[PDB]
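Novice: model this:
(3 chains)
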Amino acid sequence: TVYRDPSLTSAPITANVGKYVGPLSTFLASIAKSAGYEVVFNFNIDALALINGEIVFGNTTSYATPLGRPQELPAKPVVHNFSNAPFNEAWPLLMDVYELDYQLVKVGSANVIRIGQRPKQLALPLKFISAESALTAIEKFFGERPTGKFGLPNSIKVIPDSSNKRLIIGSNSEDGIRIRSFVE
Amino acid sequence: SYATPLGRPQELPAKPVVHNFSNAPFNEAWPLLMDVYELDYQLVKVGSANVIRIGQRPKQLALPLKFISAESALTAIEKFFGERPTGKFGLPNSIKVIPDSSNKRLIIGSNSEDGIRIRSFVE
Amino acid sequence: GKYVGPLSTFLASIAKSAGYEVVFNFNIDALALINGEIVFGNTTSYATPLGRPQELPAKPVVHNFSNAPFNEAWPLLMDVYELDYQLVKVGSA
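Specialist: Numbering: from 1, shown residues only, chains lettered A, B, ... in the order given. Here you go, the structure:
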């Protein structure tokens, strides 16, 4: 996949921010820099359940917690590195990592970008199951229903409401495994 | 002495971040690490540089049933693995079941008990 | 003003490498953000990997104008902050 916005400047940029916190995010994204790759994490990978010699015995305060840390799991690591990347195609990537939405405004000879927030809605067409039992099979798969998710029946489709991560591992991949030929 | 002869079951499903690689191909060493930690990746192009967008793997699995109805197979699972923990889900579909659990609990869990109860019923 | 978080500063700075003048409609630094400096210090690290949803609909007062016409720069600011204006005459002013 590629992100390109053919209405922005294509001049190259060069930036950097932040350092990884955990022992796993640093180990990864470093073995991949031995090859030519620029790993970007969609979630707080260091909030998993991780055990190590340094995690429990010190060496900071070892932000790893072998018990996990599920309340800080959907965070987003602000660590980026760009070298001569075109702003035309590097900007739309960042607006997809953080789920933002932008538009251009002219204040004369200067163009300004008005960053907002992306409307988190999605329409899921159903091909073989009624969207009244598909909701029921979602409320039990993903039940605990968390207030971060909404499922809207419409008898033709469903309209899930969730963050980007919960719209991939969530409905978009279970609703894709239960749309199949029913047997009689 | 992090051993505690009483056990430590709340910290049991942790993952040890200890690895050692020597001249291993990144082609085949990377997909291993994405299966140990249950991650999912995809490639993005930002021009002349390729960037990997690591995510999280959707933890779902379909288990075909050959000899038992998937309405009593669920009942025999809720009692085997009962305590049902919130880390596990079992979805009947009358043709199969759809377990939801971590990688470890999808091996010693349904995948090996459902494999021992799909057998020739006697009358 | 100056931006507070590490994300609002990183953005609106790579966009100034090109010619752009980023304006945020919300408190982008009240999201859930994790970093080496956020948790370990370096201030008190106003980022809070747990998020900060009560301070999310805030408005960053950070602006920069250079030879912009007041004719068309004023109506932009009255739309960022959702204000409404009208003109009154007190004589020659």
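Novice: who's in contact with residue A:67?
Specialist: Neighbouring residues of residue A:67 by Cβ atoms under 8 Å, 6 or more residues apart in numbering or on different chains: A:49, B:10-11, B:14. Just so you know, the C-beta spots here come from the backbone N, C-alpha and C atoms, and that holds for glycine as well.
Novice: In CSV: those, plus secondary structure.
Specialist: Listed next are the contacts of residue A:67 as CSV, based on DSSP: H, G, I helix; E, B strand; the rest coil:
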residue, secondary structure
A:49, coil
B:10, helix
B:11, helix
B:14, coil
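Novice: ok, of those residues, which one's closest to chain C?
Specialist: residue A:49 (16.3 Å; Cβ to the nearest Cβ).
Novice: so what's the closest one up against?
Specialist: So residue A:49 contacts A:65-68, B:11, B:13-15 (Cβ under 8 Å, 6+ apart).
Novice: go again using 6 Å as the cut-off
Specialist: Residues in contact with residue A:49 (Cβ atoms under 6 Å, 6 or more residues apart in numbering or on different chains) are A:66, A:68, B:13-14.
Novice: Also residue A:123?
Specialist: Counted by Cβ under 6 Å, 6+ apart, residue A:123 has contacts A:157, A:159.
Novice: Farthest-apart pair in the contacts of residue A:49, please.
Specialist: The two members of the contacts of residue A:49 with the most space between them (Cβ to Cβ) are A:66 and B:13, at 9.6 Å.
Novice: can you count the residues close to the closest residue to residue A:80 other than its chain neighbours?
Specialist: Distances taken as Cβ to Cβ, 6 or more residues apart in numbering or on different chains place residue A:17 nearest to residue A:80, at 5.5 Å, with adjacent residues excluded. Neighbour count of residue A:17, defined by other Cβ atoms under 10 Å in any protein chain shown: 18.
Novice: got it, and residue A:168?
Specialist: Counted with other Cβ under 10 Å, residue A:168 comes out at 17.
Novice: what's the spacing between it and chain B?
Specialist: Distance, residue A:168 to chain B, by Cβ to the nearest Cβ, to the nearest Å: 7 Å.
Novice: Just give the closest residue to residue A:182, not the sequence neighbours.
Specialist: Residue A:182 sits nearest to residue A:128 (Cβ to Cβ, 6+ apart), 6.4 Å away.
Novice: which residues are in contact with stretch A:157-167?
Specialist: By Cβ under 6 Å, 6+ apart, stretch A:157-167 touches A:42-43, A:99, A:121-126, A:131, A:149-152, A:170-171.
Novice: Filter those residues down to the buried ones.
Specialist: A:42-43, A:122, A:124, A:126, A:131, A:149, A:151, A:170-171 (16 or more other Cβ atoms under 10 Å in any protein chain shown).
Novice: Could you give me the buried positions within stretch A:26-37?
Specialist: Buried positions in stretch A:26-37, judged by neighbour count with 16+ other Cβ under 10 Å: A:28-29, A:31-32, A:37.
Novice: Extract the C-alpha trace of it and format it as PDB.
Specialist: C-alpha atoms of stretch A:26-37 as PDB (Å, rounded to 0.1, in the frame of the first residue of the first chain):
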ATOM      1  CA  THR A  26      13.700  -1.200  20.900                       C
ATOM      2  CA  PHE A  27      14.800  -4.700  20.000                       C
ATOM      3  CA  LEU A  28      12.400  -4.800  17.100                       C
ATOM      4  CA  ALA A  29      12.700  -1.700  14.800                       C
ATOM      5  CA  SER A  30      16.400  -2.100  15.300                       C
ATOM      6  CA  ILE A  31      17.000  -5.600  13.800                       C
ATOM      7  CA  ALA A  32      14.800  -4.200  11.000                       C
ATOM      8  CA  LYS A  33      17.100  -1.300  10.600                       C
ATOM      9  CA  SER A  34      19.900  -3.700   9.900                       C
ATOM     10  CA  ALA A  35      18.000  -4.200   6.700                       C
ATOM     11  CA  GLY A  36      16.400  -1.200   5.100                       C
ATOM     12  CA  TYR A  37      13.200  -0.700   7.100                       C
END
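Novice: How about residues contacting that stretch?
Specialist: Outside stretch A:26-37, the residues within contact range by Cβ under 6 Å, 6+ apart are A:20, A:39, B:26, B:50, B:52.
Novice: Could you rerun that using 7 Å?
Specialist: A:20, A:39, B:17, B:26, B:33, B:49-52 (Cβ atoms under 7 Å, 6 or more residues apart in numbering or on different chains).
Novice: Then stretch A:133-140?
Specialist: Residues outside stretch A:133-140 that contact it (Cβ under 7 Å, 6+ apart): A:126, A:145, A:151, A:153, A:158, A:171, A:174-175, A:178, B:89, B:91.
Novice: Figure out how far stretch A:113-122 is from the centre of its chain.
Specialist: Relative to the chain's own centre, stretch A:113-122 is displaced by 14 Å; criterion: Cα atoms, centre = their mean, to the nearest Å.
Novice: cool, and stretch A:100-117?
Specialist: Centroid separation for stretch A:100-117 versus its chain: 24 Å, with Cα atoms, centre = their mean.
Novice: Any idea how far apart the tips of it sit?
Specialist: 4 Å (Cα to Cα, to the nearest Å).
Novice: ok, and for that stretch, which residues are buried?
Specialist: A:100, A:102, A:107, A:110-115, A:117.
Novice: Same question for stretch A:45-60.
Specialist: A:45-52, A:55.
Novice: Just the endpoints, please. Distance across it?
Specialist: Stretch A:45-60: ends 18 Å apart by Cα to Cα.
Novice: same check, this time on stretch A:23-36
Specialist: Termini of stretch A:23-36 sit 21 Å apart (Cα to Cα).
Novice: what's the answer for stretch A:163-182, then?
Specialist: For stretch A:163-182, the first-to-last residue distance is 31 Å (Cα to Cα).
Novice: distance between it and the chain's centre?
Specialist: The answer for stretch A:163-182 is 15 Å, by Cα atoms, centre = their mean.
Novice: same check, this time on stretch A:43-51
Specialist: 15 Å.
Novice: Flag every residue of chain A that's near chain C.
Specialist: Applying Cβ under 7 Å from any Cβ of the partner chain, we find that chain A lies next to chain C at A:9, A:11, A:13, A:15, A:17-21, A:44, A:60, A:63, A:71-72, A:74-79, A:87, A:94, A:105, A:107-108, A:110-117.
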